[PDB]
Every structure is written in C-alpha cells, then in structure tokens.
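Trainee: next input, structure requested:
(chains A, B and C, ligands or ions: 4)
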Amino acid sequence: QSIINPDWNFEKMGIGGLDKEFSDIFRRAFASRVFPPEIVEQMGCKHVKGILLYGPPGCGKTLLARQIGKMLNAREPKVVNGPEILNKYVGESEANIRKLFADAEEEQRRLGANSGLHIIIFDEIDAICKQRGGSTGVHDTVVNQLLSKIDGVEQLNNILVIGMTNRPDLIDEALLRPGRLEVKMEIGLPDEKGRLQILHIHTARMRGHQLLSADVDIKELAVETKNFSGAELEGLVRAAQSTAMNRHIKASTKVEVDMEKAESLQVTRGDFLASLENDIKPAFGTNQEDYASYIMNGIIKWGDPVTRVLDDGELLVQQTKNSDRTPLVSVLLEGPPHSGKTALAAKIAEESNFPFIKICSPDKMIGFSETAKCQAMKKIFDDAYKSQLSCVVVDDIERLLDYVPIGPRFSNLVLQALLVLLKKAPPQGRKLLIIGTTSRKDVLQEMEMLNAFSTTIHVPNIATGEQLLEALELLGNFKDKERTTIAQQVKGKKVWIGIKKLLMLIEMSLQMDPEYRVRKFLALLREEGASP
Amino acid sequence: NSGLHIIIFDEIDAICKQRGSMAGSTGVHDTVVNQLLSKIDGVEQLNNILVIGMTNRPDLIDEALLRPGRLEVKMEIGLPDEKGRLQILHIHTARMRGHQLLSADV
Amino acid sequence: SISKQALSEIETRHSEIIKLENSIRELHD
Ligand SMILES: Nc1ncnc2c1ncn2[C@@H]1O[C@H](COP(=O)(O)OP(=O)(O)OP(=O)(O)O)[C@@H](O)[C@H]1O
Ligand SMILES: Nc1ncnc2c1ncn2[C@@H]1O[C@H](COP(=O)(O)OP(=O)(O)O)[C@@H](O)[C@H]1O
Ligand SMILES: [Mg+2]
Ligand SMILES: [Mg+2]
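Mentor: Numbers count the residues shown, from 1 in each chain, chains lettered A, B, ... in the order given. Ligands and ions are numbered 1, 2, ... in the order given. I have put the structure below:
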C-alpha cells in the first residue's frame, strides 16, 4: 500500500534553495494521493492533473521536474523533447500527440481506481501550444488535439503533466484554466542561503576524499558571489578544479617525476579567487570590461564643476537605495558638445556597488530598423525587474530617435516606447535608477520629455585661463618656459573649449619640430575660439 | 566507455534567430536552434561529444548558445605575420626541393 | 507561410496464382 518509493529523503534529492516552493507543490499536487483511499473515496474528490513551472533560465527547472518524476513508484516518465512531433505530411502531428496517452487509456479500461501513475514531461510548452488565433499552419490543429485529450468526453484519472517555459504569457489561455494545467510555480534567482546550500551540494564529494584544502571557505564565496545563477556556480567550481589541476601539468607530470607531488594536489582559495575574475561572467551581474572602455583616460580634476556633479550623483544613488514611498528615480545629464557626459555617467554608475549595472548605447545598433531598437530596449529593461537593485544607463538620447534638424525628422515609435518606459515602477519591493545623456536639451523640451525626468544636472566647459593652466599641468605636457609663455599670452583673454577637444589640439600641436610647437598650439586655440 | 564522437559544424551562424533583427527576414522559423540546444544538454544526458563550431560573423551568434554547459570557450584565429608567412611558404614548397626542381636562384 | 505540407500515393507489385493449386492437389492425389 504505497504510491511513493519506500525509501526516500529530501536531503538526498540534490536540490538546494527551493524549499517553500516544493512544500507548496507537494501540498497541492500530492495531498490527495497519500491519504488512505477510504477517506478520499468517501469525500468524492478528483486529483490535480497539471503543473506549470516558469522563471528565469538556468535556475533548476528541469532538475525539479526530473526529480519529481524519479520520485514516485510511477512507471518511468515519457519525454517529448520540444519540437519532436512536427512532420510534413497531412495529419501526422496528431498521431504523435495521440500516441502518448495510449497506455493510460489501456490501463484505465483494464483496471479501475487501481492503476499506476503515469507522468508526461513536456519541454517548452511555448513552442507549439501557442494562441489559437488568419491561419498559422499546424498550430491550430495541434492545440485542439491537445486541449481535447486532458479533459474530454472520456474521463482519465491516472495522469499528471508538467510544463516548463521561461515566457508564461504566450501560452493559450484556455489551456491554463482550472481542470487542466492549474498550479503554476515560479523559480527565481537565489539569495544567500540558496548559494550556500548549492555550493555545499556541489563541493561535498570533493570534501569527502580530503581533496579540499582547509584554506578554502564557503561562507565568504557565498557572500562575494551575488546574482549568480546555479549553473554559473557549477561553472565556477569546475573552473577552480581545472585551474588547480593545470597547476600541476607543468611541475610534476610534465617532467614525469614522482607523482607524490602530483598526488598532493589540493584546490585552495587561490584557485577560486583567481577563477572568479577571468572565467565566469554572470548574465545578471556587473561586467567589469565596458567601464574600462568608456572612461578611456580617467577622470582628472580640472576644478570645481566636477566635484559638484559627482556629489549630486552620490546623493541620488543614496536616496534611491533607502526609500519606500519612491521606488523609481531618474536624472538627466546635459551640456554642450565635447564636454564629457559619457565619462561622468559611467563613473557614477560604477561607484554605486549595485549588483546590476548596464549601459545601452547606440553604437551597437548600426543599421537596425525601428522595431529592432524597440525590442532591444525592452529586453534590456526586462532584466532589471529580476534583481533587487539595478542601474540602467541610456546613452546619447538624441541618436536613438534618429533626429536631424532639417524637417524635422525622427522616429515616433522609439520615443513612445521610451516615454512609456520612463514611468513604469518595477514589481513590488524592487528598486531602480535611470541616467540619461543628451546635448540638445531644448529639442527634448519641445517633445515633452522633461516631464518624465525628475531632475537635471549641468556639466560646463573650461571658461577661465586658470582652469586651462591647471588641466595642462595635470595632463603633463609642455615645460616651465613654455608654460610661462602660454600663461602670459592667454591670461588676459578668456577661453571656451570642451575637454574632449583639448586632447586633440595637444596632439595636433605635438607634431611639429620643437621650435614651432607653442606657436602652432596658440594659433589653433585662437582659431577654435568662440563665446556662448 | 565509448570514445569521443567529434562533430564539426561550419558557418554555424546560418541558423540563428538574431540575424532577423537586422533589416531583412530570415529567422529559419527559429525552431532549428531549439532542436540543436535540446540535444547537447537537456532532459536526456549524453557524455561523449565535442561539438566544434566555426563562424565568420561572431556578432550574429545567438545568446542562449554560450551559457556554461554549452559552447563555452571562444577563440580567435588572426592573420599570420612575417614568421607565419615564412613557415607556410616553406611547408608548401618541400616537395619540389627534394627533387631539385626548384632553382637555386629563388 | 513557409509551412508547406504534402499528401502521397502508393503502388503494388502482384504475383501469380490460381491454378498451381490444381497441379499440387493432382500430385498429392
Ligand atoms: N573631468 C573630466 N570630465 C569628463 N571627461 C574627462 C575628464 N577628465 C578626463 N576626461 C576624458 O574626457 C573624455 C570624454 O570622452 P566622451 O566620449 O565621454 O566625451 P563627450 O563629450 O561626453 O561625448 P559625446 O560628445 O559623445 O557626448 C574621456 O576620454 C575622459 O577620459
Ligand atoms: N537548485 C539547484 N541546486 C543545485 N544545482 C542546480 C540548481 N539549479 C540548477 N542547478 C544546476 O544547473 C544545471 C542545469 O540546470 P537545468 O536543469 O538546465 O535548469 P534549466 O533547464 O531551468 O535551465 C544542473 O547541472 C545543476 O547542477
Ligand atoms: Mg556621447
Ligand atoms: Mg533544459
């Protein structure tokens, strides 16, 4: 008298992090299959016949389904590996769909209220069971042939279907109604305790044979890895093992010397800490490569107007991290061309210590049509809702809309997508922060895009001789005599020059012979002069 | 116990639901890529394959095809330099040398 | 639109029989 395996326990299941979801799934889908049959039959109830698991990809959805399958005293589970049923001839997909349920019907007709459970695991239910609408080809027929089997004129009572998908809203609505796939669970990214348990599960075996050094710690690794997804944790452990093993392929077995040195192999903290920086790069985490590409030549301090901007950025970050009545915040950086607004946004973003940071620039969308840009922006904004903190940077706003002064001309659709997105708070609890960057504030003011933003900041140019001299001194060019001559010539008047244009005039002037350098630099600076 | 079964693809970027984002329409109904993924790793496990992919347009490669457990080691084969050209010229000219067909002037 | 499906037809080969029975039965008799 048992429907479950006589011997089992959860601690052997190999799953770690998903505790409450498993408890709820058991309560719903297994409460009425483990009570004594007499009471259940007296009640006159019917068992649940569906489960739908959805969430971010790579967090252990397939594993839970396979382990629920290998759980029971049920026969071995069948599998429909996604698009394995499609065919070219007329009326062949339906044969494939109908072939699955044959054994269940046979047993139900042969026995009654006594047969053994049958489990069908359906991978990527989204691939085929799309909305039933125009024609879609084979989609409309397969969906009907499926909906007409789980609950039809004839009654089945010994079946249970599991459906896995990462996008939940593209499944036909009818399918997801009480009576067919009913209980739907979400598996998300794990927090600290989940990472601790996963690392223990994946390191126990090494620990068993003493192969693990005493220097390594697991709590520190759990703390330092944030927004890692399980698969990435396994990858990290494998990378550590491979690095440790390769540490010996050049010392002991390379020279074919006594393996005792090779047999003293032991993975240590060095392997992990040197493998956390050059092998694994999360998909929902900070990526320390772009910031080294945007702030090309550092952030020098040419005067006051840098400190104020940085302080304001810090204040905005601090506000967005510790407030409950204001989850969504925004800010706009603006100024004249060639002033530095993509090298002061990156710094503010990178000095926040948020677990998620992303930059969406127009440089990686050359040739795209409008809908491609819309779906790129929406995809980047989808991720930030799946982490408990974030910062998304929108760079060069005026090149996204495809602006051009003649006309004027621009893309309406991108503007509407942007205006709707700048006023959408994330699901309950989470936070956000958005930074912009533009050079034509007024044209933005015309389109009514300064109502969405909650503040603005101003980045100025070099506007006095002293600041130019300080910038030249810090950059490290020209000598004492040349410095003195430049100071005496340029002190009287005033200058108005950006800070990404000075780095070009310096180079253009540093290409003549030593005698004419200062003269050419002064001529170039004078010619490229103007006033507000 | 079975040994490796290495499979060499070619122009693997031809099948990817990423080239359709650009101006044009060729997504091969995207189902192609699905199938391939489900075979490398998935519900049913395999422990003898060394799929090697090679392509000329790295930017059109799908994103779901590079997570750990799947194709997960990238590499770049750059053009040769003086030494490489010298070596590759020597290799393709060893036959003639042995038979003294090649003149001494060259 | 790309989804194009197809129907099909079949043939047969056929063999010889009808009077071999008579010869076999006559031999046995
Ligand atoms: N205090 C500073 N503020 C801004 N940029 C600085 C500063 N000190 C040095 N830089 C250099 O200024 C350069 C600014 O380049 P960047 O492309 O961001 O210019 P920009 O004028 O903001 O650009 P865009 O015209 O595209 O809006 C960077 O290379 C950075 O190294
Ligand atoms: N909760 C978890 N605990 C331990 N390992 C996990 C967990 N979730 C996922 N993994 C690891 O991820 C790998 C693959 O997961 P997979 O079943 O492909 O998830 P999905 O199909 O949802 O992407 C497994 O080898 C497993 O070791
Ligand atoms: Mg810019
Ligand atoms: Mg899978």
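Trainee: give me the residue from chain C nearest chain B.
Mentor: Nearest to chain B, among the residues of chain C, is residue C:2, at 6.2 Å (Cβ to the nearest Cβ). The C-beta positions use only the backbone N, C-alpha and C, and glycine is treated the same way.
Trainee: wait, that residue touches residue B:27, no?
Mentor: No - contact criterion Cβ atoms under 8 Å: residue C:2 and residue B:27 do not qualify, at 9.9 Å.
Trainee: more crowded one of those two?
Mentor: Neighbour tally, residue C:2 and residue B:27, criterion other Cβ atoms under 10 Å in any protein chain shown: the higher count belongs to residue B:27, 17 against 7.
Trainee: nearest residue to the more buried one other than its sequence neighbours?
Mentor: Leaving aside its chain neighbours, residue B:27 sits nearest to residue B:20 (3.9 Å; criterion: Cβ to Cβ, 6 or more residues apart in numbering or on different chains).
Trainee: what about that neighbour, neighbour count?
Mentor: Residue B:20: 15 neighbours (other Cβ under 10 Å).
Trainee: check which helix or strand it maps to.
Mentor: Residue B:20 is part of no helix or strand, with elements assigned from DSSP states H and E.
Trainee: show me the contacts for whatever residue of chain B ends up closest to chain C.
Mentor: Closest approach between chain B and chain C, counting by Cβ to the nearest Cβ: residue B:29, at 6.2 Å. Contact criterion Cβ atoms under 8 Å, 6 or more residues apart in numbering or on different chains gives residue C:2 as the residues in contact with residue B:29.
Trainee: same question, the one 10 residues further on
Mentor: Residues touching residue B:39, when contacts are defined by Cβ under 8 Å, 6+ apart, comprise residue B:46.
Trainee: and chain B, which residues reach chain A?
Mentor: Counting by Cβ under 8 Å from any Cβ of the partner chain, the positions of chain B adjacent to chain A are B:21-23, B:31, B:34-35, B:38, B:42-44, B:64, B:67-69, B:72.
Trainee: so which of the residues you listed also contact chain C?
Mentor: Within those, nothing lies near chain C by Cβ under 8 Å from any Cβ.
Trainee: tell me which parts of chain C are close to chain B?
Mentor: residue C:2.
Trainee: repeat for the stretch 251-400 of chain A
Mentor: So the stretch 251-400 of chain A meets chain B at A:280, A:283, A:367, A:368, A:369, A:372, A:375, A:376 (Cβ under 8 Å from any Cβ).
Trainee: so the third one is in contact with residue B:19, correct?
Mentor: In this case it means residue A:367. No - using Cβ under 8 Å, residue A:367 makes no contact with residue B:19, being 11.8 Å away.
Trainee: how near is the residue in chain B positioned nearest to ligand 3 to residue A:53?
Mentor: Relative to ligand 3, the nearest point of chain B is residue B:59 (22.0 Å; Cβ to the ion). According to Cβ to Cβ, to the nearest Å, residue B:59 and residue A:53 sit 33 Å apart.
Trainee: if you count what's nearby, which of the two comes out ahead?
Mentor: residue A:53 (23 against 9).
Trainee: and what about the more buried one, helix, strand or coil?
Mentor: Secondary structure state of residue A:53, per DSSP: H, G, I helix; E, B strand; the rest coil, is strand.
Trainee: ok, what's across the strand from it?
Mentor: Judged by DSSP bridges, the bridge partners of residue A:53 are residue A:164, residue A:185.
Trainee: quick one: contacts for it?
Mentor: By Cβ under 8 Å, 6+ apart, the residues touching residue A:53 are A:61, A:64, A:65, A:162, A:163, A:164, A:165, A:184, A:185, A:186, A:187.
Trainee: residue A:125 versus the residue nearest to the third one when sequence neighbours are not counted, what's the distance?
Mentor: Pointing back at residue A:65 there. Nearest non-adjacent residue to residue A:65, counting by Cβ to Cβ, 6+ apart: residue A:162, 4.9 Å away. Remark: distance between residue A:162 and residue A:125 (Cβ to Cβ) = 9 Å.
Trainee: what touches both of the two?
Mentor: residue A:52.
Trainee: thinking again about what came up before, the residue of chain C closest to chain B and ligand 4, how far apart?
Mentor: 26 Å (Cβ to the ion, to the nearest Å).
Trainee: point me to the residue of the stretch 401-532 of chain A nearest ligand 1.
Mentor: residue A:500 (4.3 Å; Cβ to the nearest ligand atom).
Trainee: does the residue nearest to residue A:65 sit in a helix, a strand or a coil?
Mentor: Recorded secondary structure, residue A:162: strand (three-state DSSP).
Trainee: give me the number of residues near it?
Mentor: For residue A:162, the neighbour count with other Cβ under 10 Å is 24.
Trainee: mind checking how far it is from residue B:34?
Mentor: Counting by Cβ to Cβ - residue A:162 and residue B:34 are separated by 18 Å.
Trainee: with residue B:93 instead?
Mentor: According to Cβ to Cβ, residue B:93 stands 49 Å off from residue B:34.
Trainee: quick one, which of the two is more surrounded?
Mentor: Shown here are residue B:93 and residue B:34; by other Cβ under 10 Å, residue B:34 has more neighbours (18 against 11).
Trainee: ok, which stretches of the stretch 151-300 of chain A are helices?
Mentor: A:192-208, A:218-224, A:230-246, A:259-263, A:269-275, A:291-294 (DSSP state H, counting those that start in this stretch).
Trainee: for the second one, packing partners?
Mentor: If I follow you right, that is helix A:218-224. In this structure, helix A:218-224 makes packing contacts with helix A:192-208, judged by 3 or more Cβ pairs under 8 Å, 6 or more residues apart in numbering or on different chains; DSSP states H and E.
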